[PDB]
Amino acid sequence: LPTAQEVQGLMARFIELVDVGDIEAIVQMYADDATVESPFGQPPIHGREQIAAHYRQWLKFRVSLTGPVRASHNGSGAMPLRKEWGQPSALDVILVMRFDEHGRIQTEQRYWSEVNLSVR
């Protein structure tokens, strides 16, 4: 499993990739059978093709870290971020990721809902 420093690096890079919107690079950071859990109790997204399709649908956007990555010794980490984007809207999110032996995202948990949305 990646160390804590490696997890920090990985999750930072993930943010960069989402910010530029490089879908292929994003998808490759995920394990081939990765699972992305939904904060809405919808079915999880499973596997690179579904993850790709969802990132393609999902992607006019700015994503940034609002604070340091919190890395662990168990190959996982959590980070706070803000997504910004007709009005000036923001969404506050926390992402939790568990990585496999190859430094790829094995599982992802996403924390946010409408209460974290600000339309201003």
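Start at 1 with the first residue shown and count on from there.
Colleague: If I compare the deposited sequence with the modelled residues, how many are absent between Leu59 and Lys60: none, 1 to 3, 4 to 9, or 10 or more?
Modeller: Gap size class: 1 to 3 residues without coordinates, per the record.
Colleague: With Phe40 and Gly41 adjacent in the shown sequence, let me know how many deposited residues between them lack coordinates: none, 1 to 3, 4 to 9, or 10 or more.
Modeller: The entry leaves nothing out here.
Colleague: Given the B-factors recorded for C-alpha atoms, which segment has the greater mean, 60-68 or 27-35?
Modeller: Stretch with the greater average CA B-factor: 60-68.
Colleague: Taking the values straight from the PDB record, which of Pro80, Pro44, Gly47, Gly77 has the highest C-alpha temperature factor?
Modeller: Result of the comparison over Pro80, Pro44, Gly47, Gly77: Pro44.
Colleague: If you rank every modelled residue in this chain by C-alpha B factor, which third holds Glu108: lowest, middle or highest?
Modeller: Ranked within chain, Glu108 CA B lands in the lowest tercile.
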